[PDB]
Amino acid sequence: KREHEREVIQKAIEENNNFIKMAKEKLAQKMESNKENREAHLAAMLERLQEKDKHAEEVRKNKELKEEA
Amino acid sequence: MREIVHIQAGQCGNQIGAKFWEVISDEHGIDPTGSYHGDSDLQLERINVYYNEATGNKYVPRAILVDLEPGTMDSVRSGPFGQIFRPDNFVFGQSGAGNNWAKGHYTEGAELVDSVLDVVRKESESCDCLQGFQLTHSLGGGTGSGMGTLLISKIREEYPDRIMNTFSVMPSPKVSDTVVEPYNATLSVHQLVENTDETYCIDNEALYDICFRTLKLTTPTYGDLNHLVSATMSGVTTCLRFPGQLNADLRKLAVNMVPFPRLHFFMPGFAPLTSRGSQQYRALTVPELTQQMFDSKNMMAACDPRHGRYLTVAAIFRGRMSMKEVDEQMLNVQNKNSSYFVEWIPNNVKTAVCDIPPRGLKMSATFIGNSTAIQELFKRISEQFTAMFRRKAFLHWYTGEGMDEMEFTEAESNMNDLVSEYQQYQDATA
Ligand SMILES: CC[C@H](C)[C@@H]([C@@H](CC(=O)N1CCC[C@H]1[C@H](OC)[C@@H](C)C(=O)N[C@H](C)[C@@H](O)c1ccccc1)OC)N(C)C(=O)[C@@H](NC(=O)[C@@H](NC)C(C)C)C(C)C
Ligand SMILES: Nc1nc2c(ncn2[C@@H]2O[C@H](COP(=O)(O)OP(=O)(O)O)[C@@H](O)[C@H]2O)c(=O)[nH]1
Ligand SMILES: [Mg+2]
């Protein structure tokens, strides 16, 4: 009976600890995934804007090429 | 000098425990300060059964007060008889047990139980010749039920050859709306079947119904309920406390009352039934005492004794009366209703008479029955248990404390086995 009593309270501790552990890990996973997704969305936006800048350089390059002819 | 050590646990346990000490202190002529002021030598002759002697000829209850929250014990320490208790014998926590057997038995109670056992040990060591223990508690809450049965098991381990006696208050939906009480009670009965020698089944269902039906109290209080309990506890301990022939110690009582070790759950009864301050002016006659003490309406367990058979009976008469008339009337009950007494235990009804009446009465009588009808009580608890357990309802409160469902299944099976064993001897012929 005493061994059983010890087992019950260690079980209660273990399940509480495991709850905390899994909550902790779920949250770290979610936060890392969110961080990476948001950063990727910004990176893509900037990438498109930078392609506009390049395009604009070509337009002016094109105008300069046309000009002397 | 055969000492009994008294333990009271949880709210109910301490409430009825404190009332027990008020009632028997007055009977023994001990005042709230522990000073004796009585007029009869009969009062002191076996005073050492329940009291230690101090210097100044102070008498101190051999009582240990236990709870997982301070409220009720603060109440007691501020009550009338608060000072009478040994201050170091107050053992309490702060967390409470939240009406949860698992908290009392496995988690919260486990943190406190060694402290209690330390006090128990100090009291036992002081004993010339310890008889055993008596515990007051309810089965429906968390501390008295869970920690109370934890204590019973630990005390049995340290004192395996001593008698363990309990006054156990059974829950009823007539008195409590807490949904988990049938769980707490079933888990506790499982413990009691294995580890006590004698258990007085004090049923809140019966207590409430006596107050409402018989005493005509439209709004019964715990005070009213406990008035019945303390009258009963006084009556059933009379043979332990005063000079006498029959059932004069815990072991002799058990040998007279318990023919099979698991069947040690007693139905108490009392007459006359009174409310607090009813203060009645006519004494009952011996025939009246005898008729009423055996009546269903006077039982403290809500079981119809006519639905079962008596294995054994103890009857205690108190007051100045004709012992001849007592004998005649007791014989009349048995000879008039002989079919309700098992025929394979000859002469199974024993009678004691004590000259000192309880306070406020000239005449009273107390009944202790080992009846197979007590199965009705366990059946009632079992039905309430199964209604929830079949859907595993409210179990998360228990599994959160580390318990497994298997433990519930085992407790239920053991109580249903107990029920079946009563039925077996009910139907048994010589
Ligand atoms: C039938 C169930 C108990 C018995 C009563 C009783 C509780 C009581 O006695 N309580 C609540 C602690 C205070 C105590 C009494 O005040 C009312 C004091 C005077 C007392 O009796 N005090 C005694 C002397 C004291 O030793 C003591 C004992 C136990 C606990 C605390 C204090 O109050 C009527 N209750 C809950 C009720 O009647 C409640 N009704 C119900 O619960 C109903 N269901 C909604 C049914 C079960 C009756 C109403 C209050 C809503
Ligand atoms: N007869 C009686 N029953 C009580 C008293 N106090 C609580 N109860 C009952 O005891 C059960 C609740 O247990 P309680 O002792 O309050 O919980 P604990 O403090 O955890 O042991 C319920 O069935 C209540 O109706 C009391 O003073 N007298
Ligand atoms: Mg309570």
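Naming: A, B, ... by sequence-line order, numbering from 1 per chain. Computed from heavy atoms alone, side chains included, the values below leave out hydrogens, waters and symmetry copies.
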> Rounded to the nearest 0.5 Å, how far does CD1 of A/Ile13 lie from CD of B/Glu401?
Replying inline: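 CD1 of A/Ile13 is found 11.0 Å from CD of B/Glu401.
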Closest heavy-atom pair and its distance - [X], [Y]:
X: A/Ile9; Y: B/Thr107; result: CD1-CA, 4.3 Å
X: B/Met403; Y: A/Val8; result: N-CG1, 4.0 Å
X: A/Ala12; Y: B/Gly400; result: CB-O, 4.2 Å

>> Regarding A/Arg2 and B/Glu157, does a basic nitrogen lie under 4.0 Å from an acidic carboxylate oxygen?
In response: yes
>> Check this for me: does any side-chain nitrogen of one of A/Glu5 and B/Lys154 sit under 4.0 Å from a carboxylate oxygen of the other?
In response: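 The answer is yes: the pair qualifies as a salt bridge.
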Would you find more than 12 non-hydrogen atoms of other residues, nucleotides or ligands less than 6.0 Å from [X] atom [atom1]?
X: B/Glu111; atom1: CD; value: no
X: A/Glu14; atom1: CD; value: no
X: A/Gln29; atom1: CD; value: no
X: B/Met406; atom1: CE; value: yes
X: B/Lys392; atom1: NZ; value: yes
X: B/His396; atom1: NE2; value: yes

With a 4.5 Å heavy-atom cut-off, do [X] and [Y] have their side chains touching?
X: A/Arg6; Y: B/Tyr106; answer: no
X: A/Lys1; Y: B/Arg156; answer: no
X: A/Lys11; Y: B/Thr399; answer: no

> Non-hydrogen atoms of chain A under 4.5 Å away: do they reach the side chain of B/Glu108, the backbone, both or neither?
Replying inline: neither
